[PDB]
């Protein structure tokens, strides 16, 4: 049920890029993301750090909470859902979000550009595939999808601060 979400990678990342642009217009780090379970979006998020005054409200954390709400409302266990969910995110997850995704046992992340400041899938640390036997499961990555557009958003944001 995982590779069935991969079929529409282009549609899902286009929506993630659309959300990233919104975040940029709202003076947030321009990261958009979608979580797809069986070719349906079960959660989405963009960075809400400055909106909420809370440094932990990265796009991925916002999307994780939406999927958890979806699981709670429809009486499905998070395990069965998250273990067959793909995350599409415009930017390499940071060290914190990479650890959250391991704890949720998300199997696959498709992401755009590298995260030079905080990346947890190899740029600063390799949390995604690290040997962390008490910290969920390692996940796999498909990096580089529309990285050029995504990193241009990042640079635009970091000029405006």
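Numbering follows the first chain given and starts at 1.
task: Select between 52-60 and 93-101 the stretch whose C-alpha atoms have the higher average B-factor in the entry.
output: The recorded data point to 52-60.
task: Averaging the C-alpha B factors as listed in the entry, name the stretch that ends up higher: 112-120 or 25-33.
output: It is 25-33.
- prompt: Of 38, 126, 66, 134, which one's C-alpha B factor is largest in the deposited record?
  reply: Answer, based on the entry's C-alpha B-factors: 38.
- prompt: Once the chain's modelled residues are ordered by C-alpha B factor and cut into thirds, is residue 86 in the lowest, middle or highest one?
  reply: Answer is lowest: the recorded C-alpha B-factor places it there.
task: Check where residue 141 lands among this chain's C-alpha B-factors and tell me if it's the lowest, middle or highest third.
output: Residue 141: CA B-factor falls in the lowest third of its chain.
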